[PDB]
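Here's the structure, in structure tokens; my notes come after.
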Amino acid sequence: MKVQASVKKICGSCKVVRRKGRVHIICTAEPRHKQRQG
Amino acid sequence: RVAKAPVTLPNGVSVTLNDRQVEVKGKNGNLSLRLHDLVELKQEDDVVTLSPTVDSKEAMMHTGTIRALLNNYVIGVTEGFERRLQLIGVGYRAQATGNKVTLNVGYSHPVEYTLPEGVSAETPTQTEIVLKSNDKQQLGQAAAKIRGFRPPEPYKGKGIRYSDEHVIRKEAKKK
Amino acid sequence: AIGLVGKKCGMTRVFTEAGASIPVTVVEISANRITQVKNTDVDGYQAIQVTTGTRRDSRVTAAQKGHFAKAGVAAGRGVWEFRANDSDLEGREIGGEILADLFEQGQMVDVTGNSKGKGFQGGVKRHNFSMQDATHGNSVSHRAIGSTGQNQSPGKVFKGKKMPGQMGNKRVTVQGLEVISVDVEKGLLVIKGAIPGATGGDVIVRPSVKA
Amino acid sequence: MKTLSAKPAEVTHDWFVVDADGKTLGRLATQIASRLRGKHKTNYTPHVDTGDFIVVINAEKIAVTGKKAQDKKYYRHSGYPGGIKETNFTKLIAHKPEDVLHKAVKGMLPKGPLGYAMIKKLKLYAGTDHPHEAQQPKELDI
Amino acid sequence: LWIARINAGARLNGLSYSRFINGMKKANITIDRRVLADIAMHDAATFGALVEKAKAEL
RNA sequence: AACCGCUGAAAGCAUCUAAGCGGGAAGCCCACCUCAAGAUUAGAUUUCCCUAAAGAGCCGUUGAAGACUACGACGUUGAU
RNA sequence: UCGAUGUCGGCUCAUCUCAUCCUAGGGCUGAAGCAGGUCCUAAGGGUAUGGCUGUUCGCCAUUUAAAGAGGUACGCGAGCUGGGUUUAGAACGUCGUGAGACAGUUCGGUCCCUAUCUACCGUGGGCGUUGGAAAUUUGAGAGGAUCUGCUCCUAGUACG
């Protein structure tokens, strides 16, 4: 995934999910849209 | 919404809460779950209603999941759950024998997987696995564990996939 | 996991039919007489205490003589303990015998012994330190330790720093040696390998922990 | 009229039992430390040990709030370079469960010879039983 | 030291030091901390009586 | 651990997480080797002895033990 | 800090960090495979020998799984060296009328200290451990150790 300080949606299939206090972007359409904050 | 939805019990099912331990019985078998201490279970004529004890967002969220799990338990102890797996690949074949399945996918060794108690496998053909279980969680865990030995691959699709899962297809040699 | 106590008699070789020399050492094995069985109830752990060899009465104290007479065994030159378990303590009762048949041919053993004592030794021999220049103006520090630390920070020598001191004369275990031959009547154990100590020294032979 | 000290030979140390089951670690340790020092006595003199003998049972069932069970760390240094070791509250309570309450109370006691003397009176036991029925300790909710 | 001993004596009787001293100042009792600590240490019933006076003043 | 989940609500969907259940590294804690009760919390077991005992040491002959020590062996009932 | 805290480099001996060079686990890939790239986790171990130059470095040769980046008085001269720099001799170029001068060069040119205390490595003596003694021990804990190539086989299979 991309681990960066700025995580946003890159398409309409992107989803913001928080787990363990951390913000993730999960995208069902584009697996290179997967992001973690850090 | 989910929590407010009442669980409708068919004529065989019988849920009997006793000290934070709900036991759902039926023709298929018996399932159980722990009732979160922020949830009250009340049983009426062929209907079970979950309620939050002290009105709060947290209690509402917890009774929603209690309701969902109870509904899954009822439908799986009355009808059961069934997941299916397909093996794409020329030398990929699965053989269910009792509580254990032997997969010959692509390795220098067959992989032997023993099912959890609660799941039962069967192979009508040798490239399709059918798992039947009393509860959704253990059925899904068994399916995911079998799939994880050789997950689907993008370039040719080979591997163990689910029945209703779509595999993203990549192209070799795109120039 | 019970073993036996023997005496190193020295090394020789065993030739194979294919024409390979096997370096072996010979362990003299007098019978290991069980002087005490320890258990969870009385001791809190399970073990076999044995004595081997012989000691004269003038050298056996009254306390030790009573301890041996309780078992009904003749006093040996020493007393050793072997950590056992429920399966090990099966048929081993006080006053019994442990012979060389505890080990079979071809099986892996660990041998513990007292290393040969080198006395006080410098860093070069004790810790494989490099020597410093024999020539090229080196003044008087050919076998010297060299630097022992850093500057003002940390301002000390760290613990466990390799230095001169006593070397050898310590308890050493060599693991994974093969039993070449066993002779209970002769009291003889032939083991492939080197086995710490000098000939005459007490050695402990136990079934291998690696296996 | 002078202010008198407690005269060590005239002091008696009473025995009490504390059930640690489900209590907060620090909040129980403050009370145990005060009892061990002897602060509840009107003859309290700072250089005399006038405290009680506290026997603590169910020491492994002491509780911590928040995520402190998994996140409170206990360090130690061995004296060797790089020799800093860390354990957890949960793992420490699995391994040596009396250490958790012992550490809490030892930090809350005076750091000297009289502090060492007065922590001798702390008797910690994981589980429901203690071996000091001969001392007849009275139950002390604290 | 006196304050520590008075706090112990008052807590034996169901009061803290900061409420007991307030109760004395409200009752117009002028006994100093040295004498109060002496009474707490060497005369428990008299200190009980003083605590009763302070507690009636609160 | 990263990462990957199962079931699952908050948020009718979705969702590895909030309740609950998994997988997962030469890393962590054990396991292996050595030391270790001055662990002053100084532990345990077996024997022996108490009107100078049981023992220990001095001394002697000494040792693949050793700077001195210590440790090991033996001192006429003896191969030191 | 000038009633003095010895410079650079080497040798010896280190110790820590992680911003990871190899090995380990992963996500993504313009990832078919083999190889990679990037990022995440990870500090347990490991992490060359030469030619040149006083070098550190650097270039190069040949290797290696790899030939890490750093901190530690740019770690370490009461541990060693003394090639460079930085005394007194001499010379060249240059500047100066000159005495002389030059982060210009060149040839030459004394490196002390028996360790009190802390530390550390070993090894003893004392006392204590609720009478003494001969042994055997449990283990709270501490240290050590932790690397990795290649071949064969699966299989010239999967993939192409």
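Any value given below was found using the heavy atoms of this structure, including those in side chains, with hydrogens, waters and symmetry copies removed. Just so we're on the same page: letters track the sequence lines, and every chain starts at 1.
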**Report entry** Whole angstrom value for the distance that separates P of G/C121 from CZ of C/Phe129
**Finding:** 12 Å
Query raised in the report: With a cut-off of under 6.0 Å to the ring centre and 45° to the axis, is D/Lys72 in cation-pi contact with D/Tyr74?
Result: yes
Query raised in the report: So, are G/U136 and F/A54 sitting in a Watson-Crick or G-U wobble pair, both contacts under 3.5 Å?
Result: no
Query raised in the report: Tell me, for nucleotides 63-80 of chain F in 5' to 3' order, what letter each nucleotide earns: B for a base near a protein heavy atom under 4.0 Å, S for only sugar-phosphate near one, - for neither?
Result: -BSSS-----SBB--SS-
Requested in this report: Could you list the residues that satisfy side-chain contact (heavy atoms from CB on, under 4.5 Å) with B/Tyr162, not counting sequence neighbours?
Outcome: B/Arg83, B/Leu85, B/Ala143, B/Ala144, B/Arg147, B/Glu165
Report summary line: If pairing means Watson-Crick or G-U wobble with both distances under 3.5 Å, then the partner of G/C11 is G/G79
Report summary line: Across every strand shown, the nucleotide meeting Watson-Crick or G-U wobble geometry with G/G70 (both distances under 3.5 Å) is G/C16
Query - Carboxylate-amine/guanidinium proximity below 4.0 Å for B/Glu153 and B/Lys170 - result: no
Requested in this report: Determine, for nucleotides 134-145 of chain G in 5'-to-3' order, which nucleotides have protein heavy atoms under 4.0 Å from the base (write B), from only the sugar-phosphate (write S), or from neither (write -).
Outcome: BSBSSSSSSS--
Report task. Just name whichever nucleotide pairs with F/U40, Watson-Crick or G-U, keeping both distances under 3.5 Å, else none. Result -> none
Report summary line: Re G/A43: Watson-Crick or G-U wobble partner, both distances kept under 3.5 Å, found to be none
Query raised in the report: Considering residues at least two apart in sequence or located in another chain, which fulfil the side chain to side chain donor-acceptor pair (under 3.5 Å) criterion with C/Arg83?
Result: none
Query raised in the report: For G/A61, what is the paired nucleotide under Watson-Crick or G-U wobble rules, both distances under 3.5 Å?
Result: G/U49
Report summary line: Contact check, residues 166-175 of chain B vs RNA chain F, heavy-atom distance under 4.0 Å, returns none
Report task. Would you mind telling me which residue lines up with the more 5' stretch of RNA chain G, D/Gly82 or B/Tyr92, judged by nearest nucleotide? Result -> D/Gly82
Query raised in the report: Using purine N1 to pyrimidine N3 plus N6-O4 or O6-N4 for Watson-Crick, or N1-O2 and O6-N3 for G-U wobble, both under 3.5 Å, which nucleotide pairs with G/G98?
Result: none
Query raised in the report: More 5' along RNA chain G: C/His127 or B/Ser108, using each one's nearest nucleotide?
Result: C/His127
Query raised in the report: Is the distance between the ring centroids of C/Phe158 and D/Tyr80 under 6.0 Å?
Result: no
Query raised in the report: Which residues pass the side chain to side chain donor-acceptor pair (under 3.5 Å) test with C/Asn114, sequence neighbours left out?
Result: none
Kindly list each side-chain donor-acceptor pair under 3.5 angstrom involving residues 131-138 of chain B, sequence neighbours excluded, with atom names and distances?
residue, atom, partner, partner atom, Å
B/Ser133, OG, B/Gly118, O, 2.5
B/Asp135, OD1, B/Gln138, N, 2.8

Report task. Would you mind building the protein contact string for nucleotides 67-82 of chain G? One character per nucleotide, 5' to 3', B for base within reach (heavy atoms under 4.0 Å), S for sugar-phosphate only, - for untouched. Result -> -----BB-BB--BSSS
Report summary line: For C/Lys65, the side-chain contact (heavy atoms from CB on, under 4.5 Å) test, sequence neighbours excluded, returns C/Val60
**Report entry** B/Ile168: side-chain contact (heavy atoms from CB on, under 4.5 Å) partners, not counting sequence neighbours
**Finding:** B/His166
Query - Set of residues satisfying side chain to side chain donor-acceptor pair (under 3.5 Å) with respect to C/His142, sequence neighbours excluded - result: C/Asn138
Query raised in the report: Is the base of F/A10 touched by the side chain of B/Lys57 through a donor-acceptor pair closer than 3.5 angstrom?
Result: no
Report summary line: Closest to the 5' end of RNA chain F, once B/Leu139 and D/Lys120 are matched to their nearest nucleotides, is B/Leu139
**Report entry** Base paired to G/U38 (Watson-Crick or G-U; both N/O distances under 3.5 angstrom)
**Finding:** G/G27
Report summary line: Per nearest nucleotide of RNA chain F, the residue lying toward the 5' end, C/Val209 or C/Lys70, is C/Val209
Query raised in the report: If we call it a pair only when both distances are under 3.5 Å in a Watson-Crick or G-U wobble match, what pairs with F/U47?
Result: G/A133
Query raised in the report: Does anything in residues 22-38 of chain A reach RNA chain G, meaning a heavy atom under 4.0 Å, and if so which residues?
Result: A/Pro31, A/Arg32, A/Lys34, A/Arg36
